[PDB]
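Only one chain comes next, encoded as structure tokens, the form deposited without the named molecule.
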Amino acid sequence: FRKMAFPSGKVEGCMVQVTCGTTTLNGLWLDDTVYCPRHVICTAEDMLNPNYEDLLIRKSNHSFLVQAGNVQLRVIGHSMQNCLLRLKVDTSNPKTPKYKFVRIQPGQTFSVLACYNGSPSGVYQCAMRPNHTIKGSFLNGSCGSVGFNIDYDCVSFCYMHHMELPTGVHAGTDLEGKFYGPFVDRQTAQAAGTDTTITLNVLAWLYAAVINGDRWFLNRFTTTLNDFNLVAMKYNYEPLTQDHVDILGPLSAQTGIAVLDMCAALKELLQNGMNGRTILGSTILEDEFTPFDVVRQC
């Protein structure tokens, strides 16, 4: 059972490089706008204490160098939106796909097109951690890279990379420039809080296992929701609300396994262990597939 990224073609045609002075990062070109992290305007000395609105009101249009492959795109306007610069260029991207901008919740998944200086290098699937960060060293030096989902023909942009935190996890914003989490776009003390396991996703992955033939771990005993949350919290799992439980409705319907019955199986799995046995050929519980991802891939 594999982590899949969305095909990245529709996003690749949107990736450009933005340079201000000696700083360069990735930007996203849609219609005649280029979106990038506004800290591209910062010198390393500015970055400790940046006055973004002063720095931005004081920059000329021609001080921005935007490149689509080798081709310079002239900037003809610039404004700020929260933590993003929106740069007007003189050319509409002929490869602009159908898109929207959405803001995602913790636990949800998306694909990241990792880029270096505007050139796509790889695509990764990942989840937004409950602490509003994303794990995995893959975003190191690709500020501006974007996270997205594809809904048949429409690209829903949800993430833009801004920074690496002291523990090496990544922080960024939605495409309206609002951070996920309490973080800021300056070089200062910030810390990812404690993280927890995405309980709903681990439940979804146990349903994926049942769908794929694996039944040995089904519950031997009943649980209540409350007793379930009591045990799960001891293993650093997120507590499960009623509404979380209900999101598992379709997977429950299609398998015949009641949601609280699957909670019971997980509770017994945390307490009693796999003991060398495997689920989906794994010795560990996976928490970066949402219920939606499981329905889609099964």
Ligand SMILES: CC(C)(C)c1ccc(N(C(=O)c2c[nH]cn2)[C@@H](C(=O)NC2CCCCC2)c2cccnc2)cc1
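Only residues modelled in both forms are compared. The numbering used is simple: start at 1 and walk along the sequence shown. Here the rigid core means the biggest group of C-alpha atoms that line up within 1.5 Å when the two forms are laid on top of each other.
A.B. asks: For the C-alpha atoms alone, is the average B factor greater in 273 to 281 or in 5 to 13, going by the entry?
C.D. replies: It is 273 to 281 that shows the higher mean C-alpha B-factor.
A.B. asks: So 158 to 166 or 131 to 139, which one's hotter by mean CA B-factor in the entry?
C.D. replies: According to the entry, 131 to 139 carries the higher average C-alpha B-factor.
A.B. asks: Among 206, 115, 198, 184, where is the Cα B factor highest in this entry?
C.D. replies: So the option with the highest C-alpha B-factor is 115.
A.B. asks: Hey, out of 202, 104, 123, 171, whose CA B-factor is highest in the deposited coordinates?
C.D. replies: Of 202, 104, 123, 171, 104 has the highest C-alpha B-factor.
A.B. asks: Quick check on the deposited entry: does the C-alpha B-factor of residue 74 sit in the lowest, middle or highest third of its chain?
C.D. replies: Middle third.
A.B. asks: Relative to the other modelled residues in the chain, which third contains the C-alpha temperature factor of residue 249: lowest, middle or highest?
C.D. replies: For residue 249, whose C-alpha B-factor we compare with every modelled residue in the chain, the answer is the middle third.
A.B. asks: According to the PDB entry, is the CA B factor of residue 234 in the bottom, middle or top third of its chain, that is, lowest, middle or highest?
C.D. replies: Its C-alpha B-factor belongs to the middle third of this chain's values.
A.B. asks: Could you place residue 47 in the lowest, middle or highest third of its chain by Cα temperature factor, using the values in the record?
C.D. replies: Ranked within chain, residue 47 CA B lands in the middle tercile.
A.B. asks: Ranking the modelled residues of this chain by C-alpha B-factor as given in the entry, is residue 26 in the lowest, middle or highest third?
C.D. replies: Lowest third, going by the recorded CA B-factors of the chain.
Another form exists, deposited with the named molecule bound; not displayed. Remarks below refer to it.
A.B. asks: Which residue, 164, 195, 174, 214, is the contact with the named molecule in the bound PDB entry, using a 4.5 Å heavy atom cutoff?
C.D. replies: None of the other options qualify; the answer is 164.
A.B. asks: Partner absent here, but in the bound PDB entry, which of 68 to 76, 218 to 226, 204 to 212, 184 to 192 has residues with a heavy atom within 4.5 Å of the named molecule?
C.D. replies: Among the listed stretches, the partner-contacting one is 184 to 192.
A.B. asks: In the bound PDB entry, does residue 122 come within 4.5 Å of the named molecule, counting heavy atoms only?
C.D. replies: The answer is no: residue 122 has no heavy atom within 4.5 Å of the named molecule.
A.B. asks: Is residue 142 part of the interface with the named molecule in the bound PDB entry - any heavy atom within 4.5 Å?
C.D. replies: Output for residue 142 is yes: heavy atoms within 4.5 Å of the named molecule.
A.B. asks: Does the named molecule come within 4.5 Å of any heavy atom of residue 129 in the bound PDB entry?
C.D. replies: Although the named molecule is absent here, residue 129 would stay clear of it in the bound PDB entry, with no heavy atoms inside 4.5 Å.
A.B. asks: Answer with yes or no whether residue 25 is in contact with the named molecule in the bound PDB entry, where contact means some heavy atom within 4.5 Å.
C.D. replies: Contact check for residue 25: yes, within 4.5 Å of the named molecule in the bound PDB entry.
A.B. asks: Taking a heavy atom within 4.5 Å as contact, would all three of 39, 47 and 138 count as contacting the named molecule in the bound PDB entry?
C.D. replies: Yes, the whole trio is in contact, each within 4.5 Å by some heavy atom.
A.B. asks: Which residue of 119, 140, 92, 82 is the mover here, meaning its C-alpha shifts by 2 Å or more between this form and the one not shown once both are aligned on the rigid core?
C.D. replies: Residue with a C-alpha shift of 2 Å or more: 140.
A.B. asks: Classify the change in Cα distance between residue 111 and residue 139 in the bound PDB entry as closer or farther, relative to the shown form (magnitude of 3 Å or more).
C.D. replies: It is farther: the C-alpha separation of residue 111 and residue 139 rises by at least 3 Å in the bound PDB entry.
A.B. asks: Please say whether the CA atoms of residue 22 and residue 140 come closer or move farther apart in the bound PDB entry, knowing the change relative to this form is 3 Å or more.
C.D. replies: It is closer: the C-alpha separation of residue 22 and residue 140 falls by at least 3 Å in the bound PDB entry.
A.B. asks: Sticking with residues common to both forms, list the runs of three or more in a row where every CA moves 2 angstroms or more between this form and the one not shown, core superposed.
C.D. replies: Run shifting 2 Å or more: just 136 to 141.
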